[PDB]
Amino acid sequence: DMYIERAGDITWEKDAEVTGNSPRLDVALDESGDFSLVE
Amino acid sequence: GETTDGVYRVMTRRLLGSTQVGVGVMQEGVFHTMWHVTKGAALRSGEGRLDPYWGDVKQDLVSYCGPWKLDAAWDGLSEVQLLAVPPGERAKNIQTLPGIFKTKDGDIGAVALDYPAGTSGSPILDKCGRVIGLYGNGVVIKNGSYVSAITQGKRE
Ligand SMILES: O=C(Nc1cccc2cccnc12)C1CCNCC1
């Protein structure tokens with residue numbers, strides 16, 4: 001059995017800890033909703 | 001239960017202690033999460049109950065109380081913010097330019113930030129704080145690291 005708790009406002013926050021890259025990946029989506037790298 | 005717009009943790013007590021299984025977005029009285037978090041199960045808020053209304057395992061999306069509300073899209077250009085809500089830890093914005101899931105059906109936004117599976121459902125925002133989709137469905141790449149789709153549903 002499962003319950004929710006509020007964790008914040010959804011707001012754009014200027015000067016946030018920028019990170020992460022921008023890969024172009026070749027993927028397949030299966031019937032189960034699971035992505036996979038198509039190679 | 002609390003209907004206030006904003007982001008929520010999806011908790012269970014079925015396991016040891018209280019475990020954060022995922023995250024969701026409350027907007028316009030509808031709660032938006034990813035299907036793999038709740039499994040389409042009902043939720044509690046105070047002593048209130050949210051019943052599933054829509055869901056689809058392939059899209060990996062589920063709405064509670066009403067239809068999907070979130071119609072905003074990645075512009076294909078601008079950087080985005082993941083409003084990450086990790087287990088045990090406060091809401092953290094982490095700003096990134098999304099990659100691209102190339103599929104036989106079409107190209108999808110992709111954010112490459114690694115976090116525990118319990119972070120599944122946290123929203124990704126545009127420069128106007130509009131939710132452009134949910135973090136927590138994608139793929140482990142060459143590196144052993146994680147890349148998530150920008151998963152958005154269709155409004156009606
Ligand atoms: O990738 C998925 N789940 C995750 C979400 C967020 C972070 C993760 C980190 C490592 C591993 N998985 C993560 C999905 C789950 C349900 N569909 C199949 C893959």
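Letters A, B, ... mirror the listed sequences (proteins, then strands); counts begin at 1. Read the numbers this way: they start at 1 and go in the same order the structure lists the ligands and their atoms.
- The shortest separation from a heavy atom of B/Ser120 to ligand 1 is under 4.0 Å, placing the residue in contact.
- Among B/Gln152, B/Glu156, B/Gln59, the single residue meeting the side chain to side chain donor-acceptor pair (under 3.5 Å) criterion with B/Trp68 is B/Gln152.
- The nearest heavy-atom contact from the protein to atom 4 (C) of ligand 1 is B/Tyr146 OH, 3.3 Å.
- Between the CG atom of B/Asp60 and the CZ atom of A/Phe35 there is a distance of 9.0 Å, given to the nearest 0.5 Å.
- The backbone N or O of B/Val85 sits less than 3.5 Å from a side-chain atom of B/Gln20, completing a donor-acceptor pair.
- Regarding atom 18 (C) of ligand 1, its nearest protein heavy-atom neighbour is A/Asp34 OD1, 3.1 Å.
- In this structure, B/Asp60 has no heavy atom closer than 4.0 Å to ligand 1.
- Distance from atom 3 (N) of ligand 1 to its nearest protein heavy atom, with residue and atom name: B/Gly136 O, 3.5 Å.
- The closest approach between any non-hydrogen atom of B/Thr119 and ligand 1 is not below 4.0 Å.
- Put simply, OG1 on B/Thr119 and CD on B/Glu89 are 8.0 Å apart, with the number rounded to the nearest 0.5 Å.
- Nearest protein heavy-atom neighbour of atom 9 (C) of ligand 1: B/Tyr115 O, 3.4 Å.
- Among all protein heavy atoms, the one lying closest to atom 19 (C) of ligand 1 is B/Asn137 OD1, 3.5 Å.
- Here the CG-NE2 distance, from B/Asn137 to B/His36, works out to 6.5 Å after rounding to the nearest 0.5 Å.
- Here the straight-line distance linking atom OG of B/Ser148 with atom CD1 of B/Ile108 works out to 10.5 Å at 0.5 Å rounding.
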